[PDB]
Amino acid sequence: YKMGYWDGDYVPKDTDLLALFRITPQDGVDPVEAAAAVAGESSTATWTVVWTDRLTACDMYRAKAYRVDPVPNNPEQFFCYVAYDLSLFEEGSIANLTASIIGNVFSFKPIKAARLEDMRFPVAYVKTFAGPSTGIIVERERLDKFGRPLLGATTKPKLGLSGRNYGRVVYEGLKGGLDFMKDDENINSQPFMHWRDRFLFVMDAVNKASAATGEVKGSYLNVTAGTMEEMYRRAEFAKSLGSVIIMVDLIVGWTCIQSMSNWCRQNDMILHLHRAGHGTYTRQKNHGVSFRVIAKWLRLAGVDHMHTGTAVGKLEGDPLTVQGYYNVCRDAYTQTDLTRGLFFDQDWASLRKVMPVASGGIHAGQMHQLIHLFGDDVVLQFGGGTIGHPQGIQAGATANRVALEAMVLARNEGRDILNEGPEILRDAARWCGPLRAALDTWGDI
Amino acid sequence: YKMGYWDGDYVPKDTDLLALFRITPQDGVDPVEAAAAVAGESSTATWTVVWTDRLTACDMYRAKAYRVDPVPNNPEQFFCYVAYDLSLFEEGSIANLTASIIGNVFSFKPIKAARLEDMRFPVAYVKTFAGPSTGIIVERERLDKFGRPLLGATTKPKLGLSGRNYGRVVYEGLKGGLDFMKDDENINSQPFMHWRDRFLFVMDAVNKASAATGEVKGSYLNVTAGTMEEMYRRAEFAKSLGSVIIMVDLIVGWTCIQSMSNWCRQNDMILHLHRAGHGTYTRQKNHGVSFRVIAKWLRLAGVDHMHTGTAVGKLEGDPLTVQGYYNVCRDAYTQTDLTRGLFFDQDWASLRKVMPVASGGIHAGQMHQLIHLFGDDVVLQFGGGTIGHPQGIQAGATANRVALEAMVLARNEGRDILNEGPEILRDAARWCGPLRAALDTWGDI
Amino acid sequence: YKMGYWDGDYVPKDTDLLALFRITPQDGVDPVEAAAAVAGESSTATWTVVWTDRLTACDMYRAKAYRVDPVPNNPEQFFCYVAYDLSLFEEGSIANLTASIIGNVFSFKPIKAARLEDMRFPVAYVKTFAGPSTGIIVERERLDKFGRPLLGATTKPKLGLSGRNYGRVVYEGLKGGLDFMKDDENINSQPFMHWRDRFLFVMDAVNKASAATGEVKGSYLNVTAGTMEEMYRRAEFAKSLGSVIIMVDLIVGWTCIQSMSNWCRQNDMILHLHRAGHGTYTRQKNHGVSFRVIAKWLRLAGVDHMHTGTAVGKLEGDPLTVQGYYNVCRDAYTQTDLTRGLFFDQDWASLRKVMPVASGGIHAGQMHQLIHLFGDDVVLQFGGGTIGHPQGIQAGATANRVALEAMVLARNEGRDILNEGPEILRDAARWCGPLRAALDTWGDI
Amino acid sequence: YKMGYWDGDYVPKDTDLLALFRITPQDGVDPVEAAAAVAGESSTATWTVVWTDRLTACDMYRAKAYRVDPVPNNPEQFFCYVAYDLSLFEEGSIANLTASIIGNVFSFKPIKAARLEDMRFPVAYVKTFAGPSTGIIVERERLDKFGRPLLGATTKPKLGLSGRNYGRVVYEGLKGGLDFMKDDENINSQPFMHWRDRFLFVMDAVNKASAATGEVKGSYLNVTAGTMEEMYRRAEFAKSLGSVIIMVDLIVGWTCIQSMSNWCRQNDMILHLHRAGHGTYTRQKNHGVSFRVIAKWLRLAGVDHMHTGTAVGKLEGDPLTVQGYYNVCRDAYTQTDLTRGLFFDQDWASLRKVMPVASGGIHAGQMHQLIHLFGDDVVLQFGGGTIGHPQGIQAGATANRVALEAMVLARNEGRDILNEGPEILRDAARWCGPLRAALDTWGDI
Amino acid sequence: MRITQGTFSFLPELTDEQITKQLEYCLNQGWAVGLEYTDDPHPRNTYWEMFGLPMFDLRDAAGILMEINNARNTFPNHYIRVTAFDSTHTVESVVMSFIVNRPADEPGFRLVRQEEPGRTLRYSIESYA
Amino acid sequence: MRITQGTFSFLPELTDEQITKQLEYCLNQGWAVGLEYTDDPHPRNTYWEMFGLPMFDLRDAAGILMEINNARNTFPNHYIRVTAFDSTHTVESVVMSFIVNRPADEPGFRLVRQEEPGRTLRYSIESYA
């Protein structure tokens with residue numbers, strides 16, 4: 001390796017893929033050679049020399065490693081920047097993207113740990129993907145919901161309820177002010193309640209809710225299944241019932257998501273992505289792939305809602321870093337920001353924006369913090385705080401809704417969301433019984 | 001958490017899912033509560049209490065954490081065993097399996113690191129999956145190749161060659177004795193050589209090779225693509241040309257693989273799985289998912305060939321641990337073996353066996369080691385050692401082939417494969433020019 | 001035979017199929033050898049020895065006969081228990097199940113008579129079937145009918161009426177309180193009234209009835225036909241008209257039923273099974289197959305309603321034995337009960353419960369008996385008693401309905417359904433003219 | 001009942017269905033009323049009077065019971081003849097036929113036992129069925145095998161062999177002279193050997209055999225499966241491989257068989273019916289349905305091969321009665337024959353003839369008996385006698401083949417097949433080593 | 001003209017004495033009891049309006065009966081019903097109606113007949129309110 | 001019963017003082033403000049009736065507020081709302097309701113249930129006016 005995989009003064013072309021790794025070489029291994037080895041273990045390279053590539057010539061068809069910088073406050077760890085030529089990747093294929101970039105660099109022993117921190121996609125490349133199947137702007141216009149984050153909860157009962165009772169849980173929540181309801185974390189179609197029956201009842205609930213509130217309602221009908229045939233089968237049924245939104249689990253795979261995204265566009269559906277399982281590689285800051293990258297890929301794939309993070313409000317991740325993720329989803333042009341972990345400037349070439357979804361241990365009490373950290377374009381997913389409300393789900397819904405409504409009004413008036421937050425919430429709770437009870441139970445933290 | 005997610009003396013039922021994690025709680029967190037939290041962060045649980053679950057009752061529909069043992073030579077790290085009831089999982093759905101088990105346990109902050117070491121699948125559950133689309137026994141019968149590991153190489157030229165020249169590389173290799181040829185690591189169908197053209201030429205080569213050797217030949221035509229529609233499109237073309245085998249990249253997703261497996265069975269194809277990208281979570285022994293688990297899932301999914309590991313022969317992993325992986329693929333009934341990392345007894349309820357694929361920096365010189373460590377049922381994937389052979393690819397092929405043939409004969413005679421290995425190889429090299437040259441270049445290591 | 005088909009102290013594995021026969025060997029034949037012969041005449045056996053099975057080895061792939069007990073109050077007749085290994089049966093295939101178990105044992109001369117009394121299905125096996133396409137719980141939720149047996153009658157006119165008049169008979173019945181109406185016993189689509197026309201009118205009636213009562217109504221539109229193509233053709237038309245339920249005749253075959261069950265699930269239909277013709281083998285307690293077994297199979301197949309029996313109320317069968325049948329349909333876990341003919345403990349692994357259908361010469365007068373013997377989950381199919389009511393069908397309907405309503409209320413209050421039955425009915429009849437007339441005509445018996 | 005269901009001097013019309021039951025009424029019940037009750041429990045009747053049928057008028061749409069005769073050598077048992085009008089049955093629908101005739105007469109308590117002995121189908125009705133999908137004449141012309149019964153064996157190894165070895169068993173048998181090979185009694189596609197793989201190898205064997213003998217060869221590829229979708233899926237694969245014949249199990253159901261028959265005709269396939277499970281009702285001569293009836297139905301359904309019986313040669317049934325069955329299959333016009341159990345004259349209106357299949361414990365030694373009892377149009381299915389032959393299957397095949405060839409030649413010369421049989425066989429065995437060995441092992445019995 | 005959308009709806013209106021007996025039956029079986037109401041008794045208009053949370057562990061049928069009458073007062077011109085839930089699989093076990101709208105305006109809901117292709121009709125049952 | 005078809009609709013009716021504050025917010029962001037009204041508040045009845053052209057460059061929230069009250073007078077028994085458009089991609093950024101029809105006749109719009117094949121229903125939400 002190294003012989004032709006490293007170029008100290010190589011200037012990246014605007015038509016190049018840039019991958020920034022956090023290489024942690026073995027004690028006694030040169031970081032430079034490591035960077036070069038990265039470039040080799042994900043392209044036209046090998047450990048030894050091959051004659052067949054003489055015809056190939058490669059050169060351009062080689063990943064050229066350039067920058068290699070020391071990591072702040074942590075030696076033995078280094079930021080390696082690699083450049084891949086545009087012609088090395090298949091158009092509109094995240095599976096091929098991931099394949100080519102990652103290669104076998106994460107299993108190459110001379111590197112103790114390696115993590116993908118960020119990437120840069122040339123406009124020329126970004127343009128090969130359709131991007132989100134709906135996007136924030138379009139979604140809001142289908143919802144008639146503007147200038148405020150969206151409200152969402154989860155049908156908590158899970159396995160132990162029948163379709164009738166499950167749908168009720170949905171009706172109560174939506175009517176109480178929730179904009180969306182989510183199928184419980186892991187219920188696809190287990191031996192007790194069949195997905196069809198659930199879909200029928202849930203959609204009955206959604207409709208019943210719309211007619212009682214006078215606004216567009218929905219429920220992320222989980223369409224996740226073992227094969228594409230089932231997945232499409234459930235997607236089609238969801239569509240037939242008239243659902244405005246659908247839900248898929250990340251674990252399904254890049255290729256399945258792309259197919260589902262394509263499907264949604266051609267069927268006018270919002271694709272909600274549930275990032276279940278990401279933690280296996282997006283947790284340890286020394287090995288894996290940073291969620292911001294996963295977020296970029298997902299946007300290229302065409303997802304409409306994406307779980308991004310609670311940010312400080314709950315045990316998940318660092319506020320700024322979370323904002324980096326949020327930026328990847330809502331930026332028209334992502335500007336480099338080392339504090340938010342953004343290492344490259346990413347032009348999204350007019351690809352529709354993705355709706356971030358804040359999930360975790362949150363409640364009305366944190367409203368002011370959330371509104372300040374995320375703003376209007378975010379889906380506030382309240383779980384236990386809503387369902388476990390003393391006066392029922394509908395009450396929890398109204399609580400969060402009011403808490404949101406008021407906080408926005410106040411914020412619009414200019415009031416310091418942060419400092420005045422508690423007061424604003426108290427003022428609202430004063431006339432809003434359910435909010436009062438919500439704060440009494442899940443107050444400050 | 002904990003309140004009802006831990007049962008010290010809970011005896012797992014034969015109809016239960018068992019997950020064994022390697023929980024590394026935060027400094028100041030009780031491992032027991034952590035285990036219970038694991039059970040809670042992947043089922044009918046939440047951080048707070050909810051009234052809607054009163055109807056649910058759950059109980060059985062709850063993951064009960066039982067065993068919690070200290071980790072040998074490493075405190076602050078603990079083995080947590082959790083039990084999930086059979087009725088919690090959707091039939092024949094790895095996507096749902098992974099979803100339910102993993103949940104959000106890997107992103108739960110109170111746990112610094114967490115890794116899934118092993119799982120147990122009740123026969124009742126195993127029976128919901130079709131298993132491999134071909135399997136070792138059936139494959140060998142289609143190949144007429146018995147009592148010897150299979151030979152395979154890779155079309156190294158990669159991006160820089162045309163279909164004609166690429167197919168040649170395949171013809172030379174197969175004719176020289178290789179049983180299989182693999183599409184280069186990351187070439188799906190980039191802007192230079194179209195997959196169709198490549199398939200046409202490669203298949204011409206495979207056929208030409210068969211007629212020159214008098215045996216069944218094949219090439220893992222990579223069918224990996226961005227959407228299921230392309231993937232099936234390439235699968236169908238591969239099939240039409242008469243290919244005995246196909247190749248898919250792990251990154252595609254559990255659901256795509258299941259669909260491809262189903263397809264292969266119904267089209268009489270061998271499904272070769274390329275584990276590209278696994279390292280992101282299967283590398284660090286403290287966070288992620290152990291490959292042995294990934295291997296179990298893949299078997300349930302229906303993969304026919306699976307990259308398992310070189311084991312000592314090259315930088316990949318520990319011999320015994322690799323044998324654990326190999327066992328998961330070839331065992332009719334996997335017996336618990338703590339040394340090989342096997343924590344549970346797994347009855348494979350007659351599911352066809354998967355063919356392991358040994359890949360990495362290997363060459364004829366290690367033959368004796370490999371034969372001893374893996375035996376007959378394994379595909380020896382030689383890369384640079386074959387292609388980079390001084391007298392061309394065909395020569396490299398013949399080298400590895402002879403090295404294999406002889407080593408088997410000798411091994412069958414009883415000769416100590418290990419100790420006598422070098423000699424046996426020298427004896428063969430003596431009359432086998434290409435082998436001689438192979439050893440002179442890539443000797444002992 | 002016998003040489004290796006009998007093992008006195010063989011302990012059945014939890015992953016074994018258990019068949020309990022009532023072998024009546026010929027005068028001069030050893031019961032033990034007979035049992036062993038049973039095991040041989042339904043597997044890898046023959047009358048003589050074969051060399052080809054040397055490779056086979058069989059052993060596990062052999063039915064091992066174990067228990068052989070004398071029959072109470074009847075010598076020359078013996079209960080033979082045989083064990084079949086799980087791997088001998090094809091997944092989700094009742095046709096293969098029946099094939100393998102029955103084999104040619106019933107035509108083996110050395111046995112004068114043989115009857116299949118019961119079977120045990122391992123959870124691992126049960127899980128290969130989807131079970132009922134709706135089930136009691138789900139059905140009730142589609143009907144909004146809880147805590148009371150369902151009411152049903154039959155369109156008695158049969159061949160001699162036109163669609164208009166036929167549909168009327170249905171309208172009258174349903175409006176009068178019947179929950180369901182059944183197509184006459186043998187009218188599929190004979191040369192006089194075309195099934196389509198009948199479906200149109202019947203569905204008009206069902207709808208007209210729903211709008212007059214304010215509850216969900218239905219009619220078991222017989223979809224039974226000569227080929228699967230016709231059957232699906234009628235199922236699809238029934239579906240298009242919006243029918244909540246469909247009806248199929250047992251005679252169609254195990255394979256047709258499985259296909260129809262699959263269809264119903266994917267089309268949200270309730271599958272009513274009419275057990276016409278069963279008597280040919282379920283009548284004589286010395287040869288044939290006990291209905292309880294047929295009932296188990298039907299549940300695995302996926303039927304939603306199943307004719308089980310009147311039990312004492314009319315000439316059909318023994319009360320307890322009938323309860324055994326009812327148990328097979330409604331049990332979550334069937335416990336061994338020799339009095340009710342239940343020889344094995346059957347875990348239904350969460351398969352949805354089947355709705356029994358009580359049919360025969362019954363009428364309002366027996367209400368109290370039925371309610372006591374069956375309870376709430378049963379469809380009371382009244383024939384002549386309803387249609388032949390002095391004041392028309394609607395009146396007969398109201399009679400049975402009231403008789404039911406009252407009997408339930410009373411039963412709920414704690415009143416001795418049995419003893420007080422007649423009085424309770426008299427109390428109701430007092431204010432219910434039609435019931436009065438119903439009792440005057442079809443009183444005590 | 002009785003009031004209008006019995007007509008002592010009713011003359012059956014040529015356009016009437018005639019069913020002859022063997023009614024065994026309860027001790028104290030009038031046989032006449034019983035006969036009338038039969039007519040009522042399978043049509044427009046009920047236990048009580050209904051007003052809705054006033055419009056109906058029925059009359060013609062009623063089963064009129066006429067003849068009621070005492071049973072020879074057995075009182076308390078009576079032959080009841082019932083007449084059903086042609087317009088009561090749906091065209092080309094055996095399921096409806098069976099439904100209407102059987103009704104619920106077999107479960108009507110006042111009758112201790114009841115058995116269907118025979119039926120008469122008016123030409124007008126017979127013409128609504130297509131009959132066999134090939135027939136004897138056409139089959140022979142596809143086979144180029146005339147004036148001799150056909151030879152067949154069974155792939156005995158069963159579950160315990162792989163496709164390669166299984167196909168071999170087939171190759172050996174066919175090459176040795178067998179005209180057909182049968183998939184083992186209960187192997188559809190169990191968890192060990194997939195039906196596809198088996199089909200591939202078996203068809204390779206069949207072809208290899210054809211090219212070694214110079215005649216048309218085949219193997220009854222079992223296509224029996226759990227749903228029509230699988231069944232057609234296997235039928236289509238069988239067809240694609242070029243198989244001249246297919247096999248289905250009776251248990252599949254009347255409707256499935258009709259669909260398969262239709263399919264075969266339109267795909268030029270011979271439909272072999274395996275009567276597995278019939279014994280449940282065709283064994284006891286006092287309750288059930290006589291196989292001759294089942295045979296008539298099967299012919300109407302369109303089956304091409306039908307297991308009829310060994311007749312005396314082995315434990316199965318009475319020679320004459322078996323000939324009755326054989327007659328039902330091969331007669332152009334079946335004439336009444338009380339000795340052979342034929343109660344009615346049946347005109348088959350030019351429906352193609354069905355090939356009987358003699359199966360059971362038979363061997364070359366009985367040749368002369370078989371040839372005499374059945375003649376040329378029959379498939380001699382030898383099991384253990386062929387496979388278990390001392391010198392292998394091929395030898396067993398040649399034995400049976402020669403035994404057949406010679407026996408025919410001799411029979412043609414006029415020699416008394418019966419008496420001279422043993423000698424003729426000895427004469428052949430003299431020069432035919434394998435036959436000699438066959439007789440030495442399985443001699444006289 | 002009378003909505004038969006409930007157990008016992010074919011019998012005369014239950015008296016508080018009868019209702020209490022039923023309530024006891026449910027409570028004896030350990031079923032959560034809930035009260036619901038609506039003005040739209042459409043066949044299969046699941047999700048009626050909840051009148052307070054289900055009286056789960058209320059060991060007093062009388063307490064529930066109280067809420068019933070309370071409801072009848074608040075909503076006289078409405079349909080009200082008691083529903084019993086089995087906390088084991090969460091399903092309804094019993095449901096009977098109590099107060100019914102003023103002489104059920106028109107239980108003969110207007111049956112809408114949309115003329116589809118052929119002689120097929122697409123119905124729509126709708127209450128007159 | 002209350003149409004929640006707008007931001008702040010879960011709070012008490014805004015006062016002219018609060019409205020002006022919001023109007024300012026929009027104007028400060030440089031958003032074109034428009035007034036709309038309709039008697040048919042169907043969920044997703046886009047294209048309400050425009051009450052005059054959008055006050056584009058009207059550097060006075062008070063001016064807009066005037067038109068609002070003017071509208072309420074002309075159309076009392078109507079729903080009226082302020083919409084803010086972002087002149088960069090032309091999208092709505094804020095929308096809140098002001099005057100609401102007389103005690104929203106029946107926000108529980110009549111839900112129509114057309115019975116489709118199977119157990120599927122084809123709904124139609126329709127205002128009672």
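- The deposited coordinates for this entry were obtained by X-ray crystallography, with a reported resolution of 2.70 Å.

Regarding the overall build of chain A
Right, so step 1: A tally of helices and strands in chain A yields 17 helices and 16 strands.
Right, so step 2: Its C-alpha atoms give chain A a radius of gyration of 24 Å, within 12% of the compact-globule value 22 Å for 445 residues.
Right, so step 3: With the principal axes as the frame, chain A shows a C-alpha extent of 75 × 50 × 35 Å.
Right, so step 4: Out of the 445 residues belonging to chain A, those deemed buried represent 73%.
Right, so step 5: When the accessible surface of chain A is split by element, carbon and sulfur atoms take 51% of a total near 12500 Å².
Right, so step 6: Computing the positive centroid from 47 side-chain charges and the negative centroid from 50, chain A places the two 5 Å apart.

A look at the interface of chain E and chain B
Right, so step 1: Residue-level contacts link six residues of chain E with five residues of chain B.
Right, so step 2: For chain E, the biggest contributors to the area lost against chain B are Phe56, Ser87 and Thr90 of chain E; these three give 65% of the whole.
Right, so step 3: One can count two residue pairs in polar contact joining chain E with chain B.
Right, so step 4: In terms of residue class, the side of chain E that touches chain B is made up of three nonpolar, three polar and no charged.

Description of the arrangement of the chains
Right, so step 1: Contact between chain A and chain D is absent, and the least distance between their C-alpha atoms amounts to 16 Å.
Right, so step 2: Spatially, chain B and chain F are disjoint, and the shortest separation between their C-alpha atoms is 24 Å.

Some details on the sheet that holds strand β12 (residues 305-307) of chain D
All names here are of chain D.
Right, so step 1: Strand order in the closed barrel formed by eight strands is β6-β7-β8-β9-β10-β12-β15-β16, with parallel pairing between adjacent strands. Looking at each pair of strands side by side, their axes are set apart by 25° on average, direction ignored.
Right, so step 2: Note that β12 and strand β15 (residues 355-360) share three bridges and pair parallel. Bridge assignment links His305 to a residue of β15, and that residue is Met355.
Right, so step 3: Those strands touched by helix α9 (residues 254-265) are β9 (245-249) and β10 (270-274), and its axis lies near 155° from that of β10.
Right, so step 4: The strands that helix α12 (residues 319-330) touches are β12 and β15; relative to β15, the one it contacts most, it runs at about 150°.

So, helix α7 (residues 195-213) of chain A
Because the α-helix completes a turn every 3.6 residues, residues three or four places apart line up on one side.
Residue and element names in this part refer to chain A.
Right, so step 1: In this model α7 runs 26 Å from its N-terminal to its C-terminal C-alpha over 19 residues, within 8% of the 27 Å that 1.5 Å per residue would give.
Right, so step 2: In terms of residue burial, α7 counts as a mostly covered element, since 19 of its 19 residues are buried.
Right, so step 3: A positive phi of about 85° marks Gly214, the residue just after α7.

About the criteria used
Residues numbered from 1 in each chain as written, not as in the entry; some residues may be left out. Chains lettered and ligands numbered in written order. Part of a larger assembly, values for the part shown. Heavy atoms only, no water. Helix = DSSP H or I, 4+ residues; strand = E, 2+ residues; numbered from the N terminus. Rg over C-alpha atoms; globule rule 2.2 N^0.38 Å. Buried < 20%, exposed > 50% of the residue type's maximum accessible area, 1.4 Å probe, protein only. Areas by Shrake-Rupley, 256 points an atom, 1.4 Å probe, with all protein chains shown as cover. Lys, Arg positive; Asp, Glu negative; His and termini not counted. Charge placed at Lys NZ, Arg CZ, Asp CG, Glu CD. Contact = heavy atoms within 4.5 Å. Buried area = accessible area lost by both parts, 1.4 Å probe. Polar contact = N/O pair within 3.5 Å; in protein donor to acceptor, adjacent residues only side chain to side chain. Nonpolar A, V, L, I, M, F, W, Y, C, P; charged D, E, K, R; others polar. Pairing = 2+ DSSP bridges. Axes fitted to C-alpha atoms, helices over the stretch in contact; angles between N-to-C directions. Expected span 1.5 Å × (residues − 1).

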